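Here's the structure, in structure tokens; my notes come after.
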Amino acid sequence: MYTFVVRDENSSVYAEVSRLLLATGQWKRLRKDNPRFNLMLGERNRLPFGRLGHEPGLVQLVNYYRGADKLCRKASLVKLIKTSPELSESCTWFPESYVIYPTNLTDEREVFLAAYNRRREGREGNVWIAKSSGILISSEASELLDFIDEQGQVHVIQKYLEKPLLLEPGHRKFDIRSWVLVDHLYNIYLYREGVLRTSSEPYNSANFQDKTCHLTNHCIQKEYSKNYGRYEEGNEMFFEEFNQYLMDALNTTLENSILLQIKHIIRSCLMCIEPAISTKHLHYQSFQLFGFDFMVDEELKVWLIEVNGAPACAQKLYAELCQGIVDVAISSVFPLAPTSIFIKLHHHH
Amino acid sequence: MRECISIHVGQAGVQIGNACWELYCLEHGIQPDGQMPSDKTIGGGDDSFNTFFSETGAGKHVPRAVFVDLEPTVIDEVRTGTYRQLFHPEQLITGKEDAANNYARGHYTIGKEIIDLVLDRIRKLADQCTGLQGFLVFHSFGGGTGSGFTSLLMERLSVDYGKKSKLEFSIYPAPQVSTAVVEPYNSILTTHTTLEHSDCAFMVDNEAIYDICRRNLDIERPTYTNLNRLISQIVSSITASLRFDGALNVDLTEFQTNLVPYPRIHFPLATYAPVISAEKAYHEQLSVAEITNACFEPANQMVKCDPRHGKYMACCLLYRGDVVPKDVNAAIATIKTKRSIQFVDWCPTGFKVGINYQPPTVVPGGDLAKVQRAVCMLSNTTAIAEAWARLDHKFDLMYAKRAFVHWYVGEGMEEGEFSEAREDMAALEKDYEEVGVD
Amino acid sequence: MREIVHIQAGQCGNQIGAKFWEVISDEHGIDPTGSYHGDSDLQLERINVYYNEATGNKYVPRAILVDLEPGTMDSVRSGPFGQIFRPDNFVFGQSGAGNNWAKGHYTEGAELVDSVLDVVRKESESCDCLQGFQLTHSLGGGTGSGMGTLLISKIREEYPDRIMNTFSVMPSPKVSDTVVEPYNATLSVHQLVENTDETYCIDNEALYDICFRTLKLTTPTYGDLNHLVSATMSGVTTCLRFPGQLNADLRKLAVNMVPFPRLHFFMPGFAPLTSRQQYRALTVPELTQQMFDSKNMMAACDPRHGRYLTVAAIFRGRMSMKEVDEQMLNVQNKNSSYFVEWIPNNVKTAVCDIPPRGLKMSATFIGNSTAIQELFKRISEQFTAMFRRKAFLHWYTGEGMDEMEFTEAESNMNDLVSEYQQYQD
Amino acid sequence: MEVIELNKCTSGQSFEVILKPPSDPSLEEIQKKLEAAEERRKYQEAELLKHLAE
Ligand SMILES: Nc1nc2c(ncn2[C@@H]2O[C@H](COP(=O)(O)OP(=O)(O)OP(=O)(O)O)[C@@H](O)[C@H]2O)c(=O)[nH]1
Ligand SMILES: Nc1ncnc2c1ncn2[C@@H]1O[C@H](COP(=O)(O)OP(=O)(O)CP(=O)(O)O)[C@@H](O)[C@H]1O
Ligand SMILES: Nc1nc2c(ncn2[C@@H]2O[C@H](COP(=O)(O)OP(=O)(O)O)[C@@H](O)[C@H]2O)c(=O)[nH]1
Ligand SMILES: CS(=O)(=O)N1CCN(Cc2ccco2)CC1
Ligand SMILES: [Ca+2]
Ligand SMILES: [Ca+2]
Ligand SMILES: [Ca+2]
Ligand SMILES: [Mg+2]
Ligand SMILES: [Mg+2]
Ligand SMILES: [Mg+2]
């Protein structure tokens, strides 16, 4: 009989994972403060990694890689790409970004303005975006820096994709969410199912004020947009439909024009930090589900927007994925008495 | 030459001490009777081995040690063991009844009635020293004498020997070989009252030694003998610089300077490699790089914890055997490119290297196999504070219900000394976090 | 040299004490005359914990025999190892106690207690370093119950910093001598709560059920009940009588088992327990599954009705110490909802190389469980069913007692039950 | 990668490599504490005896 504890009640993912575990009859949940556990569904912030792997007889497993925040933080991600030779500052799949500390607190204010005055001088598109861990889109550098000083937390300004790939009909923006699971062996598995969180408003490049056609967030489209649910159900187009579209319209497949780059980007990021977060020779073991967000330009080039370390899942895919998390992440470490739903990304450990 | 007095307190301290002086003698060519053939100066001399061994006119090399236990059954083994002839009886101090795993009993009730006797015996060793450096104190955290009496001793030593240094070898409680439920209480109590009196302390977690013994030596259920012969190999590596010719860590003062830039943060992490089973058919000898790289694997750290997710304040490599500086730097360069080594901004990113050409001595019939070269890394990581976190957690669980507190109050200790000690650890954990995280 | 002084009082005390001394005398190689004839140095390593060494290499148990009538002790003197006890340690009267707690504690007993302490003091003065005492007695009778607690109160006065340990036979209506046993048990339990550091609660119904159901004895007897108590007493004391690390000391066992002063009442257990398919070897997994089985416990309480504050397990024999750790961890990890989460690692395991007589290996269980409150409720309930009608009180008031005292003992134990209740949640 | 302070002797050598530069209670007070706790033990035992006297 395997045992587990739950330290994140707000997790829709591992809530269903806990539902499936008990459904097997071979798992038993414990109070969130019981140290004798096989598996910890730990909290988001301040997970006590230092108390793991010190229970004699109990092999202990947790669903969070200690140190992955370096990859799942706006300012941390940028700092990781500009400093890691494996990614290099010349990384071609990550928008030109800079870390900007508000003036009420290193900081890349001057480095950002240099590349700005260059673009503004070369007649080139000089639209940028500012965000943090409240977003502002503007073409003038004065409005971006003034917006961060009004706050009190670190911000990041990166190039805004002026030429996104729009779905027809609708002339609308979108972003692709791919779920990636890394197990204790550090095998990289890509869930065969993705989701396109699409905008129901025609993309308008001459007005970055109305952030309804530029931001594809599932909450902003369902709160500030007026065409929500028009084309696809809940502004969520799955890989089956999006693939058929790329064929009829563009005469290519989601595999060739987009997925190859997505799998290349997922490999480069995770293989990069492997020496820092791997639990190969650790007294405890780690796995973690990641949520990658990508953009696509009219040239069918993929760009990395951010990585989410505690992502939620599309309503239509909670069963398949959660059952998959148990097969490859939990049963592979605590077996029970296909056609895998994942795409292994082999690499040189 | 400046002498070093070693003090062994409680069962753990005594047994570990007994296993180190066995190794010291084997290393310096001293026999069980105290004779030393290679020592060509009879009855004196200021050699490097003299920092740990005094000499008699008859040629006996006597350890500059004192063994103190509130119960005689453990020190009685020393009096009749292989090395019974090394010590004279004044060095072996024993009481009648122990502290019963009660910090307050060792510190107050029983400690008060024997502290003046220990000091007197230590004074006799001091009077033999022309230039005393300090003391090395071996004790356990969880034991009642090892915790309660050691803190009382450390207080008086700071009073009677002000300008002297004191280093600790401390055994961290591990349930797999622990015989007490209240060891978290004792560990935190003794850290609170000792913190301002210890200049540098090496914490060995029994959990780490225990699993090294099961993994590397294929011992299914390790005994204290197994645990101690391994601990004395590491301790020998840390104390070698004091007992042999050299220019690094030559005296006790240099440990604080090289390893402790801030007083409260004086708990360096120790890693050791290679540990090979003597029962093995025959092992392929590891290289300088291979054993250096092994210093960054948690599996051979004296306390399990992830230095990758901390920050270094000082790193020190101690090699024994066939090692030349060129090979060491060749390995460091390689490891810097493949490992996560993050120092603090106010420290140099470097390593102080010491090499001793004599390879590790192995006790005949022991568990370890003879190797051509071995290294012991002393690094001051913020990651070692994970051990504080683990310990403080268990404290909070029991103290929140006042469990077992009545045993301590019954010995004269006030309940507020618990919260007073726990608040100190709260400050210790915060210090590590201020230094390690961004 | 950590000496323990033994005291057995009353009919039950002396009959169980005698068998105890009969069982461990065999383990340490001592014959009925006190001559050692063992084959292992481990038998003598800690022999002086319970035995004194006289002239001629004779070993005399450090035990004092007490009672208010001569009958039971006359038998011990005639029993198998009766000749091995020190003649001067037989202290007895002639009146008896009539199963009356007040007679053993206030009238008949007071007349004889001073001469018992004269013997205890004489045994203590000869100890290099006395740990504490252990008393064997029943709580339902008059001497072991009334005078027994009286002795403890006076021992704690003359040795206030020594450990007081008792094996207490709790009364049960199913295995009863008289109807006043709940009266005598309630009065003693208050003295024990106040003046002992460890008390092994042995319920006579548990002993009965184990002989009838498990051992398959068609008609149990006190003699059969005392066999179990002997084996259990031998087991719970293995830590003291042989070389070891855990609970090898009276005070150390208290420090590890008693998180709160008043909650020092233990449930003992023993394994194996087999009827006569007796030669079958017992595997470590089996040995552990039984030791934790309620049917192998002798407090007649259900552990799954409370929670374990602490536990002390002792495995005897030549076995896989690695396989023991595995099974002990499997028990705690497969049923971790019956251990308190605010005492980490509250289960300690000890090993002994010497097995009990006639067994390749065995395990003894010592549990500090909040479930023991079920025992104190049985006694309390039976007490109130009589005291509410003041039934049988005249036996006691005739010895100078007032009803107020009964009302206090009743309140004192209901408090004890409430104390156990706040820690079960 | 710089080597500094190389010291060589017959039984070994030691050096330093820099990859990168940076960016009590008196005797009186102890005796009182030892006697303070002893005073709280005497008190606790007197109450025990006082109790046993009643
Ligand atoms: N590594 C190692 N640990 C030991 C050894 N002996 C005891 N310990 C540990 O020390 C802790 C108990 O403290 P002890 O040193 O035995 O107790 P003490 O200092 O003698 O004080 P008392 O309570 O009076 O016995 C337990 O966690 C043991 O695991 C030993 O020889 N080697
Ligand atoms: N450089 C850029 N170019 C184009 N669009 C961008 C962009 N940066 C952000 N966006 C838009 O912002 C949205 C994502 O914002 P972001 O992910 O930074 O905030 P967030 O992290 O709170 C949402 P999530 O739930 O995916 O984490 C996407 O829909 C994308 O269209
Ligand atoms: N297990 C066991 N219990 C006994 C024995 N003799 C008496 N008892 C129990 O002890 C209680 C009677 O006390 P008893 O010892 O006879 O009175 P005392 O001689 O005045 O102390 C009753 O509850 C009996 O069940 C015995 O030999 N074995
Ligand atoms: C011989 S008897 O008089 O029939 N008998 C009556 C019950 N009593 C108590 C008892 C029952 C089982 C064991 O002990 C023992 C003596
Ligand atoms: Ca000399
Ligand atoms: Ca000082
Ligand atoms: Ca009379
Ligand atoms: Mg986000
Ligand atoms: Mg001890
Ligand atoms: Mg009777």
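Below, chain A is the first sequence line, B the second, and so on; all start at residue 1. Hydrogens, waters and symmetry mates play no part in the numbers below; they use all other heavy atoms, side chains included.
- Using a distance-only test at 3.5 Å, with no hydrogens or angles considered, a donor-acceptor pair links the side chain of B:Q91 to the main chain of B:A65.
- A 4.5 Å side-chain heavy-atom check between C:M298 and C:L207 finds at least one atom pair inside the cut-off.
- For the pair C:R251 and C:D249, the salt-bridge criterion is not met [side-chain N within less than 4.0 Å of a carboxylate O].
- Residues B:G106 and B:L70 come closest through the heavy atom pair CA-CD1, 4.1 Å.
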For this session: Take C:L215 and C:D224, measure what side chain to side chain contact (heavy atoms under 4.5 Å, CB included) needs, and give me the verdict at the end.
Result: CA-CA 10 Å; C:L215 301 179; C:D224 300 313; over 6 Å; no
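- Checking side-chain atoms of C:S234 against main-chain N and O of C:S230 turns up no donor-acceptor pair under 3.5 Å.
- Neither side chain, B:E22 nor B:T82, offers a donor N or O lying under 3.5 Å from an acceptor on the other.
- B:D76 CG to B:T94 OG1: the interatomic distance, rounded to the nearest 0.5 Å, is 6.0 Å.
- Contact annotation: the side chain of C:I314 approaches that of C:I366 to within less than 4.5 Å [non-hydrogen atoms, C-beta and beyond].
- If you check the side chains of C:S126 and C:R62, you find no donor sitting under 3.5 Å from an acceptor.
- A donor and an acceptor atom, one from each side chain of C:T310 and C:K348, are nowhere located under 3.5 Å apart.
- For the pair C:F133 and C:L151, the minimum side-chain heavy-atom distance is 4.5 Å or more.
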For this session: Decide yes or no on side chain to side chain contact (heavy atoms under 4.5 Å, CB included) for C:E3 and C:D128, but give the supporting numbers first.
Result: CA-CA 7 Å; C:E3 298 82 22; C:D128 182 26; 3.5 Å; yes
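- Contact annotation: the side chain of B:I114 approaches that of B:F149 to within less than 4.5 Å [non-hydrogen atoms, C-beta and beyond].
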For this session: Could you check B:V66 against B:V68 for side chain to side chain contact (heavy atoms under 4.5 Å, CB included), going step by step and ending with a plain yes or no?
Result: CA-CA 7 Å; B:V66 161; B:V68 182; 3.5 Å; yes
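- For C:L225 against C:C211, the heavy-atom pair with the smallest separation is CD1-SG, 4.2 Å.
- Under the 4.5 Å side-chain criterion, counting only non-hydrogen atoms from C-beta, C:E53 is not in contact with C:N48.
- The local environment of NZ in C:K122 is crowded, with over 12 non-hydrogen atoms from other residues, nucleotides or ligands closer than 6.0 Å.
- Taking 4.5 Å as the limit, some side-chain heavy atom of C:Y51 sits within range of a side-chain heavy atom of C:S25.
- Around the NZ atom of C:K58, the shell of radius 6.0 Å holds more than 12 heavy atoms that belong to other residues, nucleotides or ligands.
- Here the CG-NZ distance, from C:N184 to C:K103, works out to 11.5 Å after rounding to the nearest 0.5 Å.
- Considering every non-hydrogen atom in both C:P268 and C:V236, the closest pair reads CB-CG1, 4.5 Å.
- Note on C:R121 versus C:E158: salt bridge recorded, some NZ/NE/NH1/NH2 to OD/OE distance being below 4.0 Å.
- Judged purely by distance below 3.5 Å, without hydrogens or angles, the side chains of C:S95 and C:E108 pair a donor atom with an acceptor atom.
- C:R77 places no side-chain N or O within donor-acceptor distance of the main-chain N or O of C:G82, the cut-off being under 3.5 Å.
- Here the rule is side chain to side chain contact (heavy atoms under 4.5 Å, CB included) with C:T199, and of C:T166, C:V189, C:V193, C:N165 only C:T166 fits it.
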For this session: Check the pair C:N57, C:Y59 against side chain to side chain donor-acceptor pair (under 3.5 Å), reporting the backbone distance first and the verdict last.
Result: CA-CA 7 Å; C:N57 197 26; C:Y59 296 95; 3.3 Å; yes
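- Taken to the nearest 0.5 Å, the CD1 atom of C:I24 stands 13.0 Å off from the NZ atom of C:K19.
- In this structure, B:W21 and B:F87 have perpendicular ring planes: the angle between them is above 60°, well past the 30° mark.
- Proximity of a side-chain donor or acceptor of C:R156 to a complementary backbone N or O of C:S153 within less than 3.5 Å is not detected.
- The two residues C:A97 and C:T143 make their nearest non-hydrogen contact at CB-OG1, 3.6 Å.
- The distance from atom CZ of C:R2 to atom NZ of C:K252, rounded to the nearest 0.5 Å, is 7.0 Å.
- Checking side-chain atoms of C:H264 against main-chain N and O of C:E198 turns up no donor-acceptor pair under 3.5 Å.
- Nearest heavy-atom pair, B:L86 versus B:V62, reported as atom, atom and distance to 0.1 Å: O-CG1, 3.3 Å.
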For this session: List the steps, then state whether side chain to side chain contact (heavy atoms under 4.5 Å, CB included) holds for C:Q43 with C:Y36.
Result: CA-CA 9 Å; C:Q43 298 174 271; C:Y36 174 81; 3.1 Å; yes
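- Under the 4.5 Å side-chain criterion, counting only non-hydrogen atoms from C-beta, B:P72 is not in contact with B:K96.
- Taking both residues in full, the closest heavy atoms of C:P355 and C:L359 are given as CB-O, 3.1 Å, listed atom of the first, atom of the second, then distance.
- The closest side-chain donor-acceptor pair between C:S115 and C:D118, if any, does not fall under 3.5 angstrom.
- Put simply, OG1 on C:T237 and CD1 on C:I4 are 8.5 Å apart, with the number rounded to the nearest 0.5 Å.
- C:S188 places a side-chain N or O within 3.5 Å of a backbone atom of C:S145 that can act as its donor or acceptor partner.
- Ring-plane geometry between C:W101 and C:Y106 is classed as perpendicular, the angle between the planes exceeding 60 degrees on a 0 to 90 degree scale with a lower cut at 30.
- Formation of a donor-acceptor pair under 3.5 Å by the C:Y200 side chain with backbone atoms of C:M233 is not found in this model.
- Remark: the C:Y50 side chain and the C:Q134 side chain contain an N/O donor-acceptor pair separated by less than 3.5 Å.
- C:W21 and C:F85 have perpendicular rings, their planes meeting at more than 60° on a 0 to 90° scale where under 30° would count as parallel.
- Under 3.5 Å, the side chains of B:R105 and B:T109 contain no donor-acceptor pair of N or O atoms.
- At least one donor-acceptor pair closer than 3.5 Å links the side chain of C:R46 to the backbone N or O of C:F242.
- For the residue pair B:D98 / B:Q11, no side-chain donor-acceptor distance below 3.5 Å is found, with atom types taken as modelled.
- Expressed to the nearest 0.5 Å, how far SG of C:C127 lies from CE of C:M1 amounts to 11.5 Å.
- The main-chain N or O of B:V14 is never found under 3.5 Å from a side-chain atom of B:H8 such that the two would form a donor-acceptor pair.
- Salt bridge annotation for C:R357-C:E22: absent, with no cationic side-chain nitrogen under 4.0 angstrom from a carboxylate oxygen.
- The number of heavy atoms from other shown groups lying within 6.0 Å of CZ (C:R318) does not exceed 12.
- Not a single donor-acceptor pair under 3.5 Å links the side chain of C:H137 to the backbone N or O of C:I7.
- No side-chain heavy atom of C:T238 sits less than 4.5 Å from a side-chain heavy atom of C:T364.
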